[PDB]
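Below is one structure, written out as structure tokens; the observations come after it.
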Amino acid sequence: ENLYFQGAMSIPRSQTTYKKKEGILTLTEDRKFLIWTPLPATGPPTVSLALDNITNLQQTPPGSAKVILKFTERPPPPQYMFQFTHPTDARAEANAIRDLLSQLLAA
Ligand SMILES: [Cl-]
Ligand SMILES: [Cs+]
Ligand SMILES: [Cs+]
């Protein structure tokens with residue numbers, strides 16, 4: 001039917017490295033930007049990517065040496081790689097933020 005729904009669960013926050021620095025990958029509260037902020041995550045984000053401007057999302061396949069999500073932005077287009085570093089939960093974290101993003105992007 002005609003009902004439209006939006007996500008209403010807590011926005012995932014993920015232990016990730018960007019350009020070899022440790023930080024947190026999340027979305028803004030309005031769910032319009034992907035943000036990455038270096039630890040201690042006191043200050044502003046160093047990466048802020050509008051979901052409107054993401055043209056692709058790729059991942060390392062499960063069982064790869066590294067768990068990595070790769071974002072391509074609208075313009076050799078700009079690209080961003082985030083390595084998921086949680087000792088046990090890396091792939092689950094990647095999957096979660098992937099799943100949210102792909103739901104947002106396909107809407
Ligand atoms: Cl994996
Ligand atoms: Cs988490
Ligand atoms: Cs792995």
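Each reported figure results from applying straightforward, stated rules to the coordinates on display, with no laboratory input. Neighbour counts are summed over all protein chains in view; Cβ atoms, including those assigned to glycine, are modelled from backbone coordinates with ideal geometry.
Counting each pair of different Cα atoms once, what's the Kirkwood radius of the chain in Å, rounded to one decimal?
14.3 Å
So what are the ³J(HN,Hα) numbers for region 18-30, from phi and the Karplus equation (6.51, -1.76, 1.60; θ = phi - 60°), rounded to whole Hz, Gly and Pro as x?
Those phi angles translate into 10, 6, 6, 9, 7, x, 10, 9, 8, 10, 4, 4, 6 Hz.
Express in nm, to one decimal, how much length is gained between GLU29 and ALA65 on full extension, taking 0.36 nm for each residue of separation and deducting their alpha carbon distance.
Contour length minus Cα-Cα distance gives 9.8 nm.
Put +1 on the Cβ of every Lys and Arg and -1 on every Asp and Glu Cβ in the chain; which of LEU105, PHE82, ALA94 then has its Cα farthest towards the positive end of the dipole?
Of the listed residues, the answer is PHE82.
Charges only on Cβ, +1 for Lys and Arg, -1 for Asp and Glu: so what's the dipole of region 27-79 about the Cα centre, in debye to the nearest 20?
180 debye
Helix-derived [θ] at 222 nm for the chain: sum -39500 (n - 2.57) over DSSP H runs of at least 4, divide by residue count, nearest 500?
The helix-only estimate for the chain comes to -5000 deg cm²/dmol at 222 nm.
With each label point set 7 Å from Cα along the Cα-Cβ vector, what nm distance links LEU104 and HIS86?
1.7 nm
Name the long-range amide H neighbours of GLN59: under 5 Å, sequence gap of 5 or more, or other chain; modelled H, no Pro or chain starts.
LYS70
Using unit Cβ charges (K, R positive; D, E negative) and no other charged atoms, how large, in debye to the nearest 20, is the dipole of region 14-105 about its Cα centre?
So the magnitude is around 300 debye.
Could you pull out every one of the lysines with an alpha carbon less than 20 Å from that of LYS19, ignoring same-chain neighbours closer than 8 positions?
The reachable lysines, counting only those whose Cα sits under 20 Å from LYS19, are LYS66, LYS70.
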